Structures are given as structure tokens and as C-alpha cells.
Amino acid sequence: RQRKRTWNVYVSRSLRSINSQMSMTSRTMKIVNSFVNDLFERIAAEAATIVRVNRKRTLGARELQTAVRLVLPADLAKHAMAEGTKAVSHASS
Amino acid sequence: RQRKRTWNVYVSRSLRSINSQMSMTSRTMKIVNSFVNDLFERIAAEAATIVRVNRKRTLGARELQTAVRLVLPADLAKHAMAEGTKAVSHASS
Amino acid sequence: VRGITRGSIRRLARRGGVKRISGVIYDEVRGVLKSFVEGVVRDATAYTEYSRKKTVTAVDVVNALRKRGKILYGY
Amino acid sequence: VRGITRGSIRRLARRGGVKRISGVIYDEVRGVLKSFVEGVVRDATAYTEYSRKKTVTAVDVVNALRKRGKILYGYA
Amino acid sequence: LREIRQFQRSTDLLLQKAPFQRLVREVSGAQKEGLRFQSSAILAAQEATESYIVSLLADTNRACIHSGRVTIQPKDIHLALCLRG
Amino acid sequence: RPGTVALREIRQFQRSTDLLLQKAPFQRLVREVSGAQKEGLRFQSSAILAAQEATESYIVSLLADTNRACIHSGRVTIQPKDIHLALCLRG
Amino acid sequence: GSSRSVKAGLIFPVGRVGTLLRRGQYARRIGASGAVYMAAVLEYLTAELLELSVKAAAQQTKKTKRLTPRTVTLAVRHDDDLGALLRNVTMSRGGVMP
Amino acid sequence: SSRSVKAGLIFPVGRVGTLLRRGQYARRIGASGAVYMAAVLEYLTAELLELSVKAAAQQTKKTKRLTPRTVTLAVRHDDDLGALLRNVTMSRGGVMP
DNA sequence: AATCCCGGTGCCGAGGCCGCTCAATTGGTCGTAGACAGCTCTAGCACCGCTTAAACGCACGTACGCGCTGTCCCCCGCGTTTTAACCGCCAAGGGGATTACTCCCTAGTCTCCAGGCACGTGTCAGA
DNA sequence: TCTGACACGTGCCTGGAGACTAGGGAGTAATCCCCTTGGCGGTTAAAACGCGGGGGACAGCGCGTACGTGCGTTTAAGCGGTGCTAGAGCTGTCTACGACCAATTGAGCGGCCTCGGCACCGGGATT
């Protein structure tokens, strides 16, 4: 039997980040898992479309910046791109 | 200057096959060319989604049979699949 | 489609926020619901038929809905 | 948006098929037109800025429109 | 008035669950007979069917209240469908 | 003669294909909107027309939907509540 | 006609369709039959649109022999299947159906 | 993971990279792309859970568990995340009054 | 009172031919992943029975639906005057587009271990 | 308060990670010229304003019927407990074929040319 790949551990850690004693049901865990999956699919598909349009072969951070800019609403997009750039810069050093 | 690739010759050949005395303006050429490009992208995106969801790596005829059945309405899709199967059977043998 | 009773349509309408329902609404709602379910199942059948399987798992229905536009979370 | 005259809104409505237009429709149609154009331009400038270009081309606008589900034919 | 708030506050499945299964299997047989289903996919096909009808009826309510009425009529459903596809 | 020139314009402007918004003020609006993001951005002559035609299509569809709602309301005069209803039902 | 397109009897190019599929990176590998099938589908859809546009041009009072964008728009909007696929699609300088 | 903690994130950067490769969105996928995707996913998840926690306190009952009804209400109330999720139907969710 | 058919035209604008090249086509090798067969046990369909929520048929009132009436001012629609939109033209030049080149960044391989997960259980929300 | 439900302990296993190699491709400099800006003037469609009036928008009134609400009967849904088994999920394997490379070449494209199809405009039919 193949192991099941989900985001339950990371979602639980994210919830513990804000409120430690906060908890969520199994159905809510599936809801957040599906939200993560389809947001990943949306952003990755937008980045792939950008790559195809610009005739490139690399889905890097720059492509994902534009994918996040196009998919997310502007007020949330600003925070999301700021967080992504911060994480990329922190990882590079 | 790099050569630009369009379906002008192919669309014009299809029109001549449909009616030898017909013609379309440059703007209609662009409209039909963008129609072909949009349908190419829409069918290929569904085929790629089918490949991704079922964890495969080959985009063959079945991945496009199912894509055509998924995207287009039933009555038009039936004829499209029939013509695609006819062409594939002609080419294979 | 006639199995979908008047009570279920009335309850869905109450969740939708109406106060009164005409007597002709029920048939139209049944027709729309049957058409929507027919499309969703027609599409999940295509997804299932590609997989060379003869079962419609929740993933297939979710994908069929996602292509249609009405995305679904939790399956 | 004040450059979007009453005549343009009236012509758009007549093409849409209305018979009589209220005196307040013009302002709301101006608002929705400005919002749509703002969305389209803010979406096309992302494509233009990604490709290191300082010129928003028709392909970028077409892609931006396709993002919102308003696919446009004849500009590619 | 009471039932509107009662059903908006509630979150349970509203359509009958066995007649809906019968409708799904009837449609599948109409497409092509012999197809088997999954007990975890009928609920998915129902929670997105009741959501669609609930949204359609809320749009119908908006259309009818816009008309000065409080009762939905087939023309309201037709306007809601024609306004969205 | 209320009810004659109205349908004259309905049939005149529904059989036509040319642009309806005045090109220059719409171009000014597009450039003013773009200036709020990055000043000095340049627009292709084709990109402005491609945006204008899509905006025309969107406004025409919205106004036709609003007219459908107004007719459903038993009127012939479109009002801001009709536009709000059409926008709410569409998205 | 291309050698690999004529052998299949199609009009659209099988080779160029396959190259477009590979350049788009839709999948890691693409079968040869997939390009043929996509070319056939595109050819059929273009042929259907052209047939509908020709019929709509014939329906006009003027016996025009040139496919204006208005004719394509009318043919699309009057059909029940090609007008549902091409919903939310704006034909440039095509107007709207009366 | 080494890179998940080095980048300063809680979401995986190996899972995201492998998922992107398996999706074949592009032939080559940059190493920084995985970090960026993981960061964006983590921020969106954190914002969704923050909205859920905020909206759970406003309930008449001080429930300490996020039921699907509560997260659906939190999504519906917010304008920004609500516009993003304006067409999704959360399983066993509901409609805001 | 307004709206459609057609003759001549000039005015393009789509189609046609020549040179050329980039991409298509062919032959050969090789590795890969897709199709196939078998094992296994999951769950999917079928059935029986209890409880009862729920559907449904009827009686009855009302109150919202629909039509009618009256007003009134909110918009058609016409003429004047303004004015700004459309087009063509002249340059300036910023920047798009193409090519050559460099390196750095990523695919692929090999080896290693630990992060993730499945089961069981420990301990706590809720009706 | 028992019932149900989310999260540690622990071991198991595949994939994340580091080192190394090898090109692929993204980024950059150089260069050319294309297209965008721009501003201007000449023209003429368009609109902004003032105005009269007329006809739909709006509200009140009245009649009625159909929709809701309550009573009472009936129907099958839900579940849930069991039973049988059809087929999904997983593992090996053995090829067919798709990628990649070297060589060949022709189908398509850019440029120049061509010719007739047709949008137009007024004049004469029509509504």
C-alpha cells in the first residue's frame, strides 16, 4: 500500500504558529488540504502559461512572482510576493 | 527577422476544400488563426491535466480523445473524436 | 428526476433565502438539477473511462466539477 | 473617467439593446468600465514586466484577458 | 421566516441521499450502462449539486426581490440562468 | 416621439461593427490607469485597441444583461439597481 | 502537403502540431499518434467553423463571397454547440447578434 | 528538511519541488522556484487559518475547533480571500446569512 | 414621414509566383514507461428490517399577485454652439528584436539518512 | 457523561539532500531599425446645454386565488448490519516507441507582383 501524501503535518504546524491551543477537525483538514492543492495548481498553471507564452523552459522564482501577481487579489498579492521574495532571499544566504 | 508561424495556409486550404470560390479578409484570417490557437491551448491544457492527475508522462491519442470529449460539447465532440480516430488509424497503417 | 421531491427543493430554496415558492418552480428546478448532474456525471465518466477503470472515485467527480468551474474542496 | 462621455455610454447601451436610460446609469457604467480597464491593465502590466519589456504588447493584453475568462480573438 | 434562518444556520446535506444516488446511476446508465460508482463520490456530486441549486435560488431571490415580488417564478429562474449561462 | 429613435439606434448600433467608445479619451483613461502602477510605461498601438474592444464587449454584455433584468422588472428604463443586480448575478 | 500529414490524409500539419505540443511542455513525452489526433481535431473544428460561416454568408441578403468577421460572429452565435464552446469569447470587430 | 528550515519556512521545499517536476509544468524547474512556491503556499495557508481563528472568536459559542462552517464563514466574510474563493463550495460548509 | 436594391468604380486587399531556409523527414540506437498479467482484499452493490422524518393529500384563510387608476417629473429628442476626436504628417529616439557568447544553474547519478507517515493509543471537546 | 475525536510514541521506508559531472539555457553586450511617442493642424462628427412635453415610474386601491399553515394519513429514507464478489491498487516484466543525433531536403514563408471582388455612394426602387 502506497503512502498517502498530504499537507496535514504542515497545516497543523501552521495552525500551531498562530494559536497553539487551536485545533481543527478532520474534515477541516481535508478542506485546507484541498485549498493548498488547488492554489498550488492555480499558481503553477499560471506560471507554466507564462513560460509557454514567453518561450522559455524554466519555471523559476521570477515566473512564480508573475503567477502570484496574476492569480491572487492585489492586496493579498502584495503580501504573498513579499513573503516569497523574503523566503527566497533567506534561503539563498 | 525570424519567420512567423501561422495557420493561414492551412485555414485557406480548409476553406478551399469547403468551397473553392470563398475567401476571408485578413481580420477573419486572424480570427480563425486565434480560434485554432485557443482550441489547441484549451485541449492541450486538459490533456496535460489528465496526464498530471493520473501520474503519467506520455500525451498520446487517448489523452486527447478524453480531452476532446471533456472540452467540447457532446454533439461536436463526437464528430471530432470520430475524425481523430479515423486520421490516427489512417496514419498508423 | 421526479424522485427529487418538493420538500428538498423547498429546503434548498429556504437556504437560498426566499420566502415563497411558485407551483411551477419545482419542475424547472428539477430540470436544472437533472441537467447539472447529467453534465457532471458525463464528465466524470470520461475521466474514469480514460483511466481504464469502471469506478467513479471522488477525485474524478472533483476534477469534472473543477473543469466545469464549480470547484469543490474536501475530497 | 470623465472622458467617457454620455454619448459613448448611450451608444454602448443601444448596441446592448436598451430603450430608455436613466440619468444615473452613466456614472455607474463609468465606474464599472474604469474597474474593468484597471483590472485588464494591471493584469497585462504583469506580463509586460515579467518579460523585461517596457512596452505592453497586444499579446500581453490578450493573455491578461484570457486570464479573466474573456478570451479575445483576432489580436495574435 | 423561521425556516430560512434555520436552514441558513444549518450545514447538513439537504437533498434526499438515496433518490440522488438513483438519479446519478440513472444518468450514468443513460450515458452508457454498466458503469460502477463509489460511495465517496456520490456525496461529492451532491454537495456540489445542492450548492449549485442553492446559489441559483439565491440569485433567483435577488431577481424576484428586484422585481418587487417575494415569490420566485419560472421567469426569475430563466433570468438567473440567462445572466450566468 | 418617444419610442421611435430609440429602436432606430438599437437597430443601427446592433448591426454595426465599428468601435463605439471615443478612442482618444479611452486611451487617456488606459494610460492614466497604467500610470498608477509605473509611470512612463509604453503601450503598443494594437494593445490599446485590444483592450478597448474587450471593454466594449464587457460593457455591451453588461448593459444587455441589465436590460434583460429591467425588462424582467416590467420596465424599459434601466436604473442603477438593474446594473447592480446584473453584476451580482454574473460575478 | 507534408509527408507525415498526407500519409494521414489530413490538411493540418502533423509535424508542426507535434512540435507545438513539445514546445509547450504539456507533457514530458508526446506520442506520435497524439500529434496526428490533435491535427485531425483542429482540422475538423476549423472545417466546422468554416462551414457554418459559409452557410451564414449564404443566408445574408447580399451574396457576398468573402467571410467578414461579422459573418463568423453570426455563424458562431447562431449555432447551438459552436456558440456554447465560444461563449465568453469576443470576436474582434464582430459586433453582437441582433 | 534542510532547505525548509534553511529558507525560514514551515512548508516543505522538497515536496513542492518534486510536485512541480512531476506536474511537468516546465522541462526545467529552478531551485528558487520551489522555495518561492512553498513560501506562497505557507503564507496563504497561514492567512486562511488566521481568518478562521479570528472568525471563530466572533461565534456565540467559544468553540476551540475550526468546523468547516467556521472556515467557510471566514472565507465568505473577507473581501480579499473571498474574491479568490468566490466560486468554491466547501464540503459541508454553508451560506452566510 | 423612412428603408432597401443596384451600377460604376477605384480601391484596395487577398491570392499567386520565386528564392530561400528552417524545420520537417528518414535512418539508427538506446533507454523508458506504458500496457499486461497476476495477487490481493477493499469496498461497492445487493438485501432485510426499525424508527421515523418526511412526503403528501385535504381544509381553509389571507395576502400577496395582478390589474386598474392617477399623477408627475424623469428622461426623449431637436437645435445651437463648442470642442474635442480622427487622421496624416513630420522627426527622435527608446526600445524591441536578433545574434554571439559566457557561465551558472539545473538535469542526471550515487550514496546516505531522516523527515514523513500508519497504527495504536492517550487524553480531552460536546450534546 | 459517554461518545467521539484530534494528536504523541514508535518504527518503517521512500524521497530529500549533498557531492560531482555535463551541457542547456538564461542572461547580457552589441547592433540595427521599428514602432511608439508627440504635437500640430486641418477637418468634421460628437456632445453639452437649454427646453417642451409626454409617457412610463411609482404608488394607492381593489379583487381574488394560490400559497402557506395546520391536521392527519402514509411512504420510503436512513442506517446499519450483513453478505457476496467485481475490480482497484500494487507489484514485476517485456516489449513498442519517443527522444536524441546526423544527414537530407522541401513545405512554408517573406517579398514582389497581380488582378478582380467588393464597400461605397448616390439614384431609384421600396416601406
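Our subject is the structure that appears above.
**Student:** Quick question: what am I supposed to make of the overall build of chain F here?
**Tutor:** Helices and strands together make up the secondary structure of chain F, namely four helices and two strands. For chain F, the N- to C-terminal ordering of α and β elements is α-α-β-α-β-α. Radius of gyration (C-alpha) of chain F: 17 Å, far over the 12 Å computed for a compact globule of 91 residues. Taking the principal axes of its C-alpha atoms as reference, chain F extends roughly 50 × 30 × 20 Å. Residues counted as buried form 52% of the 91 residues belonging to chain F. Taking contacts inside chain F between residues at least 6 apart in sequence as the whole, the part at least 24 apart equals 48%. Accessible area for chain F stands at about 4500 Å²; split by element, carbon and sulfur atoms hold 49% of it. In chain F, 13 side chains carry a positive charge and 8 a negative one; their mean positions are 4 Å apart.

**Student:** Mind showing me how you'd approach the packing of aromatic side chains here?
**Tutor:** In this description, a pair of aromatic rings is defined by centroid distance and the angle of the planes. Overall, the coordinates contain 11 aromatic pairs over all chains when judged by the stated rule. Consider the rings of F35 of chain B and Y73 of chain D, whose centres lie 6.1 Å apart with planes at 55°: the pair is tilted. Here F35 of chain B is found in helix α2 (residues 26-53), whereas its partner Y73 of chain D is found in strand β3 (residues 72-73) on a different chain. Assessed through its relative accessible area of 0%, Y73 of chain D is described here as buried. One aromatic cluster in this structure is built from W7 and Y10 of chain A together with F11 of chain H. The ring centre of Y25 of chain H lies 4.8 Å from the NZ or CZ of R52 of chain B, which sits over that ring. Lying over the aromatic face of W7 of chain B, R16 of chain G brings its terminal NZ or CZ to 6.0 Å of the ring centre.

Scoring rules and cut-offs
Residues numbered from 1 in each chain as written, not as in the entry; some residues may be left out. Chains lettered and ligands numbered in written order. Heavy atoms only, no water. Helix = DSSP H or I, 4+ residues; strand = E, 2+ residues; numbered from the N terminus. Rg over C-alpha atoms; globule rule 2.2 N^0.38 Å. Buried < 20%, exposed > 50% of the residue type's maximum accessible area, 1.4 Å probe, protein only. Contact = heavy atoms within 4.5 Å. Areas by Shrake-Rupley, 256 points an atom, 1.4 Å probe, with all protein chains shown as cover. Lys, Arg positive; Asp, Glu negative; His and termini not counted. Charge placed at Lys NZ, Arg CZ, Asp CG, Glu CD. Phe/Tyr/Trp six-rings, centres within 6.5 Å; stacked < 30°, edge-to-face > 60°. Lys NZ or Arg CZ within 6 Å of the ring centre and 35° of its normal.

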